[PDB]
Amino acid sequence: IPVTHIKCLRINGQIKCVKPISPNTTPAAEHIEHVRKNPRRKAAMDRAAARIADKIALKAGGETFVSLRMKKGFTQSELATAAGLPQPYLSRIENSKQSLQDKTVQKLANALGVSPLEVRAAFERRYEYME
């Protein structure tokens, strides 16, 4: 039953203790990136993503955040890059997160070229409402 002291970053009303190590370029990521560099390959993938996004929308109640990302032809990696976000954080936005800050909605809206309302409406499909 021990105690140990760790250095943490306090940056404007927010504590950051965890330092996730950041080597963006991993072989699997590197691979898909090279595959998508061919426009003919990219399209083939895109059409598959769209078809799968339909199955997601129907299954889930309507357009989800992932669903929408897929129909616009963005891999999670591509969208993360387009929207000035880290991919881990984007993964959380697609799967785990309960809300989005306004600034993020806008970054994402711009990246995908759709309205804030669209982004927000998609995000909110992870819930089950009742009226």
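Note that residue numbering follows the sequence shown and begins at 1.
Undergrad: Could you check the entry and say whether 30 to 38 or 61 to 69 has the higher mean CA B-factor?
TA: The entry gives the higher C-alpha B-factor average to 30 to 38.
Undergrad: Comparing 12 to 20 with 114 to 122, where is the mean C-alpha B-factor higher?
TA: 12 to 20 has the higher mean C-alpha B-factor.
Undergrad: So where's residue 56 on the chain's Cα temperature factor ranking, which third?
TA: Tercile = middle for this residue's CA B-factor.
Undergrad: Lowest, middle or highest third: where is residue 85 by C-alpha B factor in its chain?
TA: It belongs to the lowest third of the chain when residues are ordered by C-alpha B-factor.
Undergrad: For residue 43, does the deposited CA B-factor place it in the lowest, middle or highest third of the chain?
TA: Top third by C-alpha B-factor.
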